[PDB]
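Just one chain is shown here, as structure tokens, and it is the form deposited in one PDB entry.
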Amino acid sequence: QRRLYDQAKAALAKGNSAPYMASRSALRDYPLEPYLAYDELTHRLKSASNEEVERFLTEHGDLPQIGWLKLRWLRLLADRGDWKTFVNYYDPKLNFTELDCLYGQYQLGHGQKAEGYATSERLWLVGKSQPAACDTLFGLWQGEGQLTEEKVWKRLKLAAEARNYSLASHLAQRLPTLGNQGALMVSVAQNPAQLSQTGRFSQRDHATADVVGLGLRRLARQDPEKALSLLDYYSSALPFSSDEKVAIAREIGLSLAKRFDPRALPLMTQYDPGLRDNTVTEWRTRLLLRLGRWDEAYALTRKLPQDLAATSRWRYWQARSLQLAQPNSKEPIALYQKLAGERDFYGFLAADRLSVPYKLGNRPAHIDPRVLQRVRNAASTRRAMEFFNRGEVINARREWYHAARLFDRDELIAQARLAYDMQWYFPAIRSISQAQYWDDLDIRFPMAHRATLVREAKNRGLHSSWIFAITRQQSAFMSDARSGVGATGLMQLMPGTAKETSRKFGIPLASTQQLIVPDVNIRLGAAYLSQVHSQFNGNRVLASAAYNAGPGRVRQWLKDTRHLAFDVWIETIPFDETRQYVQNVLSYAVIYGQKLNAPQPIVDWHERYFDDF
């Protein structure tokens, strides 16, 4: 039959359970009946029996919200001292530090002392504040004299590293002998420029070295030049460990490398000769490439660890660095040929270097129909389907992502097709991606809002493929996207920029919260794109970077250049987020250019070289 579960649901929310108890007998078959049961139990959880709660965890353990019930119930079980039942259901995988701390309590009061100390210490050595349950644990741990000054000092270091200075200071006022360098550590953490006064930070002991090390690492981000200078002093004056020294060299090296200062190269080379730090090894190479030092670059690309050497990046850059070093050599044509078959950015570059067509190769995976039925008939799916038909977007979305948490590779692809068939593009894109079936370009690069984008792109004369690329990279066709810093929508617009974009020329924006309309999003995004497209002479490489990082940042990254190749520039973008963002948009625009039958190379003729000269 047809069921109105809203009445039962309405009652339970802030109230009674009579309509649920009354109607429930009718809704055995209904998919969302377990949500009512969940709330009904949850309200009276304190007085519920173990047998009932345990029964509920068996019969509806698949529910997305089940972890919250386990947290609420285990609080009580531990509060009651029912530890036998606690440990039967305690799960580290839930990632509740309150439970982990309660589990530590159990270990200490039940003979597992070694494991209680390991648990306590692991939860202690953490630069943020922990739940009040942990104060209880840390109390017991301290009570057995395990909270040594070293371990409070070590957490102090982490808290200052985390910029949580209230915590850090509270820990500093708990140091019996080291209270002076604790206060000093928080001072330096707040302003590491104070290390200019070498006289004041010259007390040759381990703690002073700990603070100067923290300071040099922090100072490296803002004034690497000053830090490099002070390292030379402080390494004589203070008893730095070798591991402490490489961590300083890392941050100074990386910070100088990102400013294209060649003084990083002797430092990086001295302190990581083994190439043990990927990020240092990559930026050493990136830096050589920026300086036109093709010989050293190539040499370095031949020494890489196996996990860097496997990537399409350093395969491309081994070939290209050799081709720049020895232009008349043919060894690169082979290297590019291995790589030009891949469908990624560097694979497109390789093909572009040979002047051969790209390999897109849309080959939708063929699914076992039995697997398609198993996923379709799973209760988590039925529930997600129902929430969709009802119009509850977040609930349908949550059920989808929770089910995907433990599906195998076949089951994830099966899931992804079903979502695609319902014109629900983002969860299809998401599910197929975590299956790692990359070759279904129909699912991964859908034509959502094609009528809009094609027209908008003609307005503010742009390539249809490039607008499609930007959106797909920015949201993956989820209008509901809110960023970790507040950029929202199909074209992840900065709320502070969105207003300014609406004010600058602009047409009516009707609030930040009500920006979610795709059609609101699209013509604004086209306008902003054209603005930056214009700002950088129609260069999509630069313009794409400006979109995600700001034109002022891109200008700083173009500073003092002269005939810089496009591929080197992209590679030598300081920000990881933005390097990938550009490489994605450029690749996605190749793929959309195909699917829109308006072929688009990886870069246009006029994008290949640029400078601020």
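Residue numbers run from 1 along the displayed sequence. We call the rigid core the largest set of C-alpha positions that still match within 1.5 Å between the two forms.
The next section is about a form of this same protein that is not shown, the form deposited in another entry.
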query: Core-fitted Cα difference of 2 Å or more between the shown form and the other one, single residue among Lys504, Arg276, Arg163, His110; finding: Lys504
query: Threshold 2 Å Cα movement between the shown form and the other one for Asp421, core superposed; finding: no
query: CA of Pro495, rigid core aligned, shift of 2 Å or more between the shown form and the other one; finding: yes
query: Did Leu322 shift 2 Å or more between the shown form and the other one, C-alpha, core superposed; finding: no
